[PDB]
$ cat final_33.cif   # mmCIF, C-alpha atoms and all ligand atoms
data_coords
#
loop_
_atom_site.label_atom_id
_atom_site.label_comp_id
_atom_site.auth_asym_id
_atom_site.auth_seq_id
_atom_site.Cartn_x
_atom_site.Cartn_y
_atom_site.Cartn_z
CA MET Z 1 122.99 113.39 113.17
CA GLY Z 2 126.48 112.91 114.61
CA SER Z 3 129.43 111.62 112.61
CA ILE Z 4 129.06 109.74 109.34
CA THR Z 5 131.88 107.70 107.78
CA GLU Z 6 132.05 106.46 104.20
CA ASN Z 7 132.89 102.76 103.89
CA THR Z 8 133.50 101.96 100.22
CA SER Z 9 133.85 98.23 100.99
CA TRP Z 10 130.05 97.97 101.14
CA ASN Z 11 129.97 98.87 97.44
CA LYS Z 12 130.73 95.22 96.57
CA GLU Z 13 127.08 94.34 97.28
CA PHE Z 14 125.93 97.07 94.84
CA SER Z 15 128.22 96.54 91.84
CA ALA Z 16 127.34 92.84 91.87
CA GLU Z 17 123.92 93.83 90.49
CA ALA Z 18 124.99 97.14 88.86
CA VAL Z 19 122.90 99.15 91.34
CA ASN Z 20 123.33 102.87 92.03
CA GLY Z 21 122.21 103.45 95.59
CA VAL Z 22 123.11 104.25 99.17
CA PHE Z 23 122.88 102.48 102.51
CA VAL Z 24 123.09 104.37 105.80
CA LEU Z 25 123.50 102.39 109.04
CA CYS Z 26 123.69 103.89 112.54
CA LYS Z 27 124.47 101.95 115.71
CA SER Z 28 122.81 102.87 119.02
CA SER Z 29 121.93 106.37 117.82
CA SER Z 30 122.76 108.79 115.07
CA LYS Z 31 125.98 109.41 117.15
CA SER Z 32 127.92 107.39 114.56
CA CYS Z 33 126.74 106.24 111.15
CA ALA Z 34 128.32 104.52 108.17
CA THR Z 35 127.49 104.70 104.48
CA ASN Z 36 128.82 103.46 101.16
CA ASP Z 37 128.29 106.85 99.44
CA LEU Z 38 128.49 110.08 101.40
CA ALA Z 39 127.20 112.27 98.56
CA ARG Z 40 124.11 110.14 97.94
CA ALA Z 41 123.39 109.74 101.68
CA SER Z 42 122.41 113.43 101.77
CA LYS Z 43 120.61 113.49 98.41
CA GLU Z 44 116.84 113.87 98.66
CA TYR Z 45 114.37 111.61 96.83
CA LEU Z 46 110.61 111.12 96.68
CA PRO Z 47 109.68 109.15 99.83
CA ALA Z 48 106.94 107.14 98.10
CA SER Z 49 105.29 104.75 100.55
CA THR Z 50 107.90 105.35 103.27
CA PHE Z 51 105.73 108.46 103.79
CA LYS Z 52 103.06 106.22 105.35
CA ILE Z 53 105.08 106.48 108.57
CA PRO Z 54 104.65 110.26 109.11
CA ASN Z 55 101.23 110.18 107.44
CA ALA Z 56 99.97 107.59 109.95
CA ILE Z 57 101.30 109.62 112.90
CA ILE Z 58 99.71 112.81 111.56
CA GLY Z 59 96.42 111.01 110.93
CA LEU Z 60 96.34 109.86 114.55
CA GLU Z 61 97.45 113.26 115.88
CA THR Z 62 94.72 115.12 113.99
CA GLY Z 63 92.01 112.61 114.90
CA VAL Z 64 91.45 111.65 111.24
CA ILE Z 65 92.47 108.16 112.34
CA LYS Z 66 90.22 107.76 115.37
CA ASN Z 67 92.35 105.15 117.18
CA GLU Z 68 94.62 102.21 116.51
CA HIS Z 69 91.72 99.79 115.90
CA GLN Z 70 90.04 101.78 113.12
CA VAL Z 71 89.08 99.60 110.17
CA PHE Z 72 89.49 101.16 106.72
CA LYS Z 73 86.62 99.67 104.75
CA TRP Z 74 86.88 98.90 101.03
CA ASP Z 75 83.99 100.41 99.05
CA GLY Z 76 84.17 97.56 96.53
CA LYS Z 77 85.43 99.79 93.72
CA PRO Z 78 88.59 98.75 91.84
CA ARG Z 79 91.97 99.49 93.41
CA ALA Z 80 95.32 99.41 91.68
CA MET Z 81 96.57 96.27 93.50
CA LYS Z 82 94.40 93.28 94.40
CA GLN Z 83 96.02 93.18 97.86
CA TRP Z 84 94.31 96.53 98.61
CA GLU Z 85 90.80 95.30 97.70
CA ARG Z 86 89.67 94.45 101.20
CA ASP Z 87 88.99 95.94 104.60
CA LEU Z 88 92.27 96.82 106.33
CA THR Z 89 93.48 97.70 109.80
CA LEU Z 90 95.99 100.52 110.18
CA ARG Z 91 98.83 97.99 110.45
CA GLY Z 92 97.38 96.05 107.52
CA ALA Z 93 97.20 99.14 105.32
CA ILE Z 94 100.81 100.04 106.14
CA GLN Z 95 102.08 96.48 105.63
CA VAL Z 96 100.42 96.05 102.21
CA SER Z 97 101.16 99.72 101.35
CA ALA Z 98 97.51 100.56 100.58
CA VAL Z 99 98.00 103.90 98.85
CA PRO Z 100 94.27 104.74 98.52
CA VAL Z 101 93.74 104.39 102.29
CA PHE Z 102 96.51 106.90 102.97
CA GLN Z 103 95.45 109.21 100.14
CA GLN Z 104 92.10 109.63 101.89
CA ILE Z 105 93.88 110.15 105.25
CA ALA Z 106 95.94 112.92 103.66
CA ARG Z 107 92.85 114.57 102.11
CA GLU Z 108 91.17 114.67 105.52
CA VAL Z 109 94.32 115.90 107.30
CA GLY Z 110 94.36 118.76 104.81
CA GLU Z 111 97.18 120.97 103.62
CA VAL Z 112 97.43 123.27 106.66
CA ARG Z 113 97.84 120.46 109.20
CA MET Z 114 100.05 118.41 106.86
CA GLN Z 115 102.46 121.33 106.42
CA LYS Z 116 102.53 121.97 110.17
CA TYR Z 117 103.52 118.42 111.07
CA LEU Z 118 106.16 118.00 108.36
CA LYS Z 119 107.76 121.16 109.76
CA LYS Z 120 107.55 119.75 113.29
CA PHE Z 121 109.09 116.46 112.10
CA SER Z 122 111.80 118.18 109.99
CA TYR Z 123 110.70 115.79 107.24
CA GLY Z 124 112.83 116.30 104.13
CA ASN Z 125 112.30 119.51 102.16
CA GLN Z 126 108.78 119.75 103.69
CA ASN Z 127 107.36 120.59 100.23
CA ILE Z 128 103.77 119.29 99.96
CA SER Z 129 102.86 121.04 96.71
CA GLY Z 130 101.46 119.07 93.78
CA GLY Z 131 98.17 117.86 95.26
CA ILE Z 132 97.35 116.88 98.84
CA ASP Z 133 96.78 113.21 97.91
CA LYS Z 134 99.92 112.64 95.82
CA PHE Z 135 102.76 114.97 96.86
CA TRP Z 136 104.81 112.06 98.25
CA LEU Z 137 104.16 109.87 95.16
CA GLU Z 138 104.72 112.29 92.30
CA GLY Z 139 104.98 115.79 93.77
CA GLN Z 140 107.87 117.83 95.07
CA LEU Z 141 108.45 116.25 98.49
CA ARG Z 142 112.00 114.92 98.86
CA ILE Z 143 113.90 113.33 101.76
CA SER Z 144 117.41 111.91 102.13
CA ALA Z 145 118.57 108.64 103.68
CA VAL Z 146 120.30 110.65 106.43
CA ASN Z 147 117.01 112.43 107.19
CA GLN Z 148 115.12 109.13 107.25
CA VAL Z 149 117.37 107.68 109.95
CA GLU Z 150 117.13 110.88 112.02
CA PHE Z 151 113.34 110.78 111.73
CA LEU Z 152 113.20 107.08 112.59
CA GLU Z 153 115.49 107.52 115.58
CA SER Z 154 113.20 110.25 116.89
CA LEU Z 155 110.24 107.91 116.45
CA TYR Z 156 112.05 105.07 118.22
CA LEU Z 157 112.77 107.42 121.14
CA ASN Z 158 109.22 108.88 121.12
CA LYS Z 159 110.81 112.31 120.57
CA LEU Z 160 108.72 113.40 117.60
CA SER Z 161 106.37 116.32 118.25
CA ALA Z 162 103.38 114.00 118.68
CA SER Z 163 101.88 112.10 121.60
CA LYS Z 164 103.89 109.13 122.81
CA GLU Z 165 100.86 106.89 122.41
CA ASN Z 166 100.51 107.77 118.72
CA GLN Z 167 104.21 107.09 118.13
CA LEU Z 168 103.85 103.72 119.88
CA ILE Z 169 100.78 102.84 117.77
CA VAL Z 170 102.67 103.46 114.53
CA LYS Z 171 105.73 101.55 115.77
CA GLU Z 172 103.72 98.37 116.39
CA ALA Z 173 102.26 98.75 112.89
CA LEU Z 174 105.82 98.71 111.51
CA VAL Z 175 106.98 95.44 113.12
CA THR Z 176 107.99 93.04 110.34
CA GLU Z 177 109.96 90.38 112.22
CA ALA Z 178 109.64 89.30 115.85
CA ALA Z 179 111.82 86.88 117.78
CA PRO Z 180 112.69 86.64 121.50
CA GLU Z 181 115.84 88.82 121.20
CA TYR Z 182 115.52 90.12 117.63
CA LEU Z 183 112.94 92.67 116.47
CA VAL Z 184 112.71 94.45 113.11
CA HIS Z 185 110.63 97.51 112.22
CA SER Z 186 110.72 98.43 108.55
CA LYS Z 187 108.94 100.01 105.59
CA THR Z 188 109.40 99.76 101.83
CA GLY Z 189 108.78 102.34 99.13
CA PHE Z 190 108.92 102.55 95.32
CA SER Z 191 108.15 105.67 93.27
CA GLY Z 192 107.92 103.75 89.96
CA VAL Z 193 110.29 103.12 87.06
CA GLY Z 194 110.75 106.80 86.23
CA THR Z 195 111.26 108.11 82.72
CA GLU Z 196 114.07 108.16 80.19
CA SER Z 197 117.25 109.41 81.93
CA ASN Z 198 115.31 109.93 85.21
CA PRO Z 199 115.07 106.65 87.12
CA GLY Z 200 112.61 106.06 89.91
CA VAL Z 201 113.64 105.38 93.51
CA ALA Z 202 113.12 102.34 95.73
CA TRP Z 203 113.46 102.46 99.54
CA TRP Z 204 113.81 100.25 102.57
CA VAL Z 205 114.01 102.00 105.95
CA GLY Z 206 113.73 100.82 109.52
CA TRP Z 207 115.62 99.68 112.56
CA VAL Z 208 116.77 96.42 114.14
CA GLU Z 209 116.77 95.70 117.88
CA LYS Z 210 119.23 92.90 118.69
CA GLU Z 211 119.75 91.99 122.33
CA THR Z 212 120.29 95.37 124.04
CA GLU Z 213 121.45 97.20 120.89
CA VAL Z 214 119.55 99.06 118.17
CA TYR Z 215 120.54 99.82 114.56
CA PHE Z 216 118.80 102.37 112.35
CA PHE Z 217 119.01 101.98 108.59
CA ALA Z 218 117.90 103.64 105.37
CA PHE Z 219 118.44 102.29 101.85
CA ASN Z 220 117.55 103.76 98.48
CA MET Z 221 118.48 102.91 94.90
CA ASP Z 222 117.80 104.08 91.37
CA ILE Z 223 115.38 101.76 89.62
CA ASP Z 224 114.00 101.71 86.06
CA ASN Z 225 112.80 98.10 85.94
CA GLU Z 226 110.41 96.48 88.41
CA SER Z 227 112.32 93.19 88.25
CA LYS Z 228 115.12 94.82 90.31
CA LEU Z 229 112.80 95.78 93.18
CA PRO Z 230 113.70 92.94 95.61
CA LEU Z 231 117.24 94.33 95.72
CA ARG Z 232 115.90 97.07 98.03
CA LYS Z 233 115.81 94.42 100.79
CA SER Z 234 118.52 91.96 99.71
CA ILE Z 235 121.40 94.45 99.41
CA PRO Z 236 120.92 96.07 102.84
CA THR Z 237 120.25 92.63 104.35
CA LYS Z 238 123.55 91.31 102.96
CA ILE Z 239 125.32 94.38 104.37
CA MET Z 240 123.74 93.99 107.80
CA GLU Z 241 124.51 90.26 107.78
CA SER Z 242 128.17 91.04 107.02
CA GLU Z 243 128.15 93.41 110.02
CA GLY Z 244 126.86 90.63 112.30
CA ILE Z 245 123.38 92.14 112.66
CA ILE Z 246 121.48 89.70 110.38
CL CL Z 301 93.91 102.42 94.08
#
$ encode --input "final_33.cif" --output "structure tokens" --more "lines below"
Ligand SMILES: [Cl-]
Amino acid sequence: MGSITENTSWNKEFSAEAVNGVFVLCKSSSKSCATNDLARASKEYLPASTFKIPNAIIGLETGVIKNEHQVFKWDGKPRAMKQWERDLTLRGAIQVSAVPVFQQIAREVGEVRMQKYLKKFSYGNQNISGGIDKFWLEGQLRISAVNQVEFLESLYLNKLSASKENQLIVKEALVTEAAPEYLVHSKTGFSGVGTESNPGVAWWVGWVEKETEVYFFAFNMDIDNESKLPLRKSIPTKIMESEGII
């Protein structure tokens, strides 16, 4: 990225709920970004389900996902969340964060092709060890908020090393709010509640298109109690509202 500037005034939205986290916000491009915590902005964490973004692109690139209208059928066997116990489109599986759908995508991509594309994407530490179907959930893969916004800006610009059509397919799957002159693409993640002295991580990453401007953002926070999870959206939303983005 370009320049990044620490703005400690944003910390008021964190301390209010005793949250340790970072928000990175870039206007127009990574030319100029702002953050509440420069050290944490470059610290790398498990991506959890924010990894569905590169995984979906790689699945399309490799042909494992045949096209954007593929239906991922539920075999009827129990899944960890009831919202996953149904047939899903690609967008549906991303939007409900259907881990088992993407675990099978990763298995079929395989370790050689997965490694190749994370290198091409400069995705975090590019470490896929720990099992092909779980390296982003409990393995050694790590990515920073800075790296997320660089990756997302490349996607927005169709500059990732993947076909433009596959990048466009994944982008429509990430739309979460649509209005005439306001468009949000975003993705959550949550590694879990961690262990004693080692909290989990929660994420919200995406970008906002308002009129003729675009803003890229990445948020993460330490979390050891699932009741705090909605803060991964509310804190960055309050910050973006205070910046006039909404
Ligand atoms: Cl499951």
$ closest_residue --input "final_33.cif" --among "Z:232, Z:40, Z:185, Z:210" --to "residue 245 of chain Z" --atoms "all atoms listed in the file"
Z:210
$ residues_near_ligand --input "final_33.cif" --ligand "ligand CL 301 (chain Z)" --cutoff "10 Å" --atoms "only C-alpha atoms and all ligand atoms" --output "VMD selection string"
chain Z and resid 77 to 82 84 to 85 98 to 101 103
$ closest_residue --input "final_33.cif" --among "Z:20, Z:148, Z:14, Z:182" --to "residue 234 of chain Z" --atoms "all atoms listed in the file"
Z:14
$ closest_residue --input "final_33.cif" --among "Z:122, Z:197, Z:190, Z:132" --to "residue 233 of chain Z" --atoms "all atoms listed in the file"
Z:190
$ residues_around --input "final_33.cif" --residues "residue 54 of chain Z" --least-positions-apart "6" --cutoff "10 Å" --atoms "all atoms listed in the file" --output "NGL selection string"
:Z and (60 or 114 or 117-118 or 121 or 123 or 151-152 or 155 or 160 or 167 or 170)
$ atom_distance --input "final_33.cif" --atom1 "atom CA of residue 52 of chain Z" --atom2 "atom CA of residue 208 of chain Z"
19.0 Å
$ closest_residue --input "final_33.cif" --among "Z:75, Z:181, Z:108, Z:87" --to "residue 63 of chain Z" --atoms "only C-alpha atoms"
Z:108
$ atom_distance --input "final_33.cif" --atom1 "atom CA of residue 43 of chain Z" --atom2 "atom CA of residue 125 of chain Z"
10.9 Å
$ residues_around --input "final_33.cif" --residues "segment 15-17 of chain Z" --least-positions-apart "6" --cutoff "10 Å" --atoms "all atoms listed in the file" --output "list in words"
residues 228, 231 and 235 of chain Z
$ atom_distance --input "final_33.cif" --atom1 "atom CA of residue 4 of chain Z" --atom2 "atom CA of residue 36 of chain Z"
10.3 Å
$ residues_near_point --input "final_33.cif" --point "(93.9, 114.4, 117.5)" --cutoff "12 Å" --atoms "all atoms listed in the file" --output "mmCIF file with C-alpha atoms, in the frame of the given file"
data_model
loop_
_atom_site.group_PDB
_atom_site.id
_atom_site.type_symbol
_atom_site.label_atom_id
_atom_site.label_comp_id
_atom_site.auth_asym_id
_atom_site.auth_seq_id
_atom_site.Cartn_x
_atom_site.Cartn_y
_atom_site.Cartn_z
ATOM 1 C CA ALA Z 56 99.970 107.590 109.950
ATOM 2 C CA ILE Z 57 101.300 109.620 112.900
ATOM 3 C CA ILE Z 58 99.710 112.810 111.560
ATOM 4 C CA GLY Z 59 96.420 111.010 110.930
ATOM 5 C CA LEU Z 60 96.340 109.860 114.550
ATOM 6 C CA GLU Z 61 97.450 113.260 115.880
ATOM 7 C CA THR Z 62 94.720 115.120 113.990
ATOM 8 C CA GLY Z 63 92.010 112.610 114.900
ATOM 9 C CA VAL Z 64 91.450 111.650 111.240
ATOM 10 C CA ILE Z 65 92.470 108.160 112.340
ATOM 11 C CA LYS Z 66 90.220 107.760 115.370
ATOM 12 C CA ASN Z 67 92.350 105.150 117.180
ATOM 13 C CA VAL Z 109 94.320 115.900 107.300
ATOM 14 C CA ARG Z 113 97.840 120.460 109.200
ATOM 15 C CA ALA Z 162 103.380 114.000 118.680
ATOM 16 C CA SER Z 163 101.880 112.100 121.600
ATOM 17 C CA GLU Z 165 100.860 106.890 122.410
ATOM 18 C CA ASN Z 166 100.510 107.770 118.720
#
$ residues_near_point --input "final_33.cif" --point "(116.4, 102.9, 89.3)" --cutoff "6 Å" --atoms "all atoms listed in the file" --output "PyMOL selection string"
chain Z and resi 199-201+221-224
$ residues_around --input "final_33.cif" --residues "residue 126 of chain Z" --least-positions-apart "6" --cutoff "10 Å" --atoms "all atoms listed in the file" --output "PyMOL selection string"
chain Z and resi 114-120+140-143
$ closest_residue --input "final_33.cif" --among "Z:7, Z:127, Z:28, Z:176" --to "residue 91 of chain Z" --atoms "only C-alpha atoms"
Z:176
$ closest_residue --input "final_33.cif" --among "Z:96, Z:128, Z:34, Z:175" --to "residue 146 of chain Z" --atoms "all atoms listed in the file"
Z:34
